[PDB]
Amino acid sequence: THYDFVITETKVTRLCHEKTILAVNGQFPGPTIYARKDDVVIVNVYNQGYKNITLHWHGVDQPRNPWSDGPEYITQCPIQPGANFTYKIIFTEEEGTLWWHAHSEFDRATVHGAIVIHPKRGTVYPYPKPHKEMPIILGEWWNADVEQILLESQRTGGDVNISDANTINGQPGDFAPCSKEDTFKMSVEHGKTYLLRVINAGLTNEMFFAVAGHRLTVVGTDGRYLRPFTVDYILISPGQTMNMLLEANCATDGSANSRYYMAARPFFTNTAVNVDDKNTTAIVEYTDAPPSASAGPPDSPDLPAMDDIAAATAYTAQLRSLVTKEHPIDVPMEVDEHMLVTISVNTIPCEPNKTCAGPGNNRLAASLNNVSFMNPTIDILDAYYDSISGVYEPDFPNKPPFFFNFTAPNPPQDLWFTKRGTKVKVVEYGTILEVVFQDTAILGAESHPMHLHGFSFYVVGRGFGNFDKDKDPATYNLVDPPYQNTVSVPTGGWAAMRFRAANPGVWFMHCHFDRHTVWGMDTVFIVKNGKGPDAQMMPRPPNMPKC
């Protein structure tokens, strides 16, 4: 239950391009954290790299413990080069696959890895024990330094350059230059069942994923078991994890191919904007098969087309929490407070005496309820703890300031603009929230993977168009809604979720597309202390990084 994570400058080559990246213990992707349910894991982080950095344990509630949550300028100031910081990871309700990643600038492009939470001693999976288990991390690679990719977009105000490759476990696969020799491969035996722990650690796109010749029985997401269902492909958004069983029963007598492509490719609908639409591949190989069976290329799966919204919708519609005596559910039935949160990509005016590259030669930005989040220089949590004025404003609104036909295509150019601010939403301990995410069509309808630190939540409804507060709740799933930490909000639509705010602390909420995070598609919940020691935020650790 103890790890040393040294942030290292590491030389890595992909697509024949060598660069120095930040990595953890010289590994890209980084090491897997292994835990069992309810473990407490300690990670000593030594920053031996060239820049400020933080780490985040994605999907771990961290009850009463925002100090170890990681988001830069939200719960901590950064770990400076040459400094260290000890994170305490408190696992509670989570069982399944999570992941960890840098939470500073675009550093998670290379600084990320898996978290595996096994059933605790004396318990077992709700499904037959898989023969083997394999993390499958989907990601992106840029040939350029990712710091330079970010800085350039900061300077121009235009869109972030697309990645040069999509990757599986850091490897682009068979169809990228200088990549076929090191394509990720996994061995399977006929008749055995394998648990694929799929993590979308990319920065930019939701992804379709499939394995040629093999159906996938999805059994969990975001650390919570799902009602099992079997499919030919999945959709997975950045931030999400999805666990699924693969049954390796293809013929090993030579009558069938012995190699099958695992493949992923974006789900992306904005036909106006560029995208890294390159597929990424890995190989599932039946090892106990004759050498003649691997003669030709591996079989390829049918992936949905990149703009196939129906295929995305059809996968997401199947997600339901597993509800059993061993795995019960607690859907909040009586809501204390409703929020409607509009999600938009925006512009702000270009700074004086400069030309910008965003829409209308303005600067790109993003907003929640038309507030474009701006990081403070004293982190929110310290400001909250020490009652430091002039850092944040506790009046993030429950509703957008101006109602309009949110999802009507091509809104007028005046609706592009937003306004920066550092606003948070303060709630009393135990408040039951229904948060309805509403995509707008400003600068293009787009599916946003909204993520809440400190909590998972029940996704009780979703639909296309404008959420109707007087009709859509009538068909909410209040019985077994999926319990997620990151929700794919529909393209040009809405998603409703509920949770009890019973974790005292300072909790970031943001789109898990990093470009939208930096552009300001974020806010913060401050959950006040309740009554009782168990409802008290932990005290500040002695060696928090200085601001």
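The first residue of the sequence shown is number 1, and the count goes up from there.
- According to the PDB record, 410-418 carries the higher mean C-alpha B-factor of the two stretches 410-418 and 109-117.
- On average the C-alpha atoms of 307-315 have higher B-factors than those of the other stretch, with 307-315 and 367-375 being the two compared.
- The PDB entry assigns its highest CA temperature factor, among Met186, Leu150, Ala264, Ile79, to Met186.
- Set against one another, the Cα B-factors of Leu195, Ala289, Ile89, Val345 in the record reach their highest point at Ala289.
- When all modelled residues of the chain are sorted by CA temperature factor, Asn84 is found within the middle third.
- Sorting the modelled residues of the chain by their CA temperature factor places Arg14 in the lowest third.
- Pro297: CA B factor lies in the highest third for its chain, per the PDB record.
- For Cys250, the recorded CA temperature factor ranks within the highest third of the chain's modelled residues.
- When the CA B factors of the chain's modelled residues are split into thirds, the value for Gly454 lands in the lowest one.
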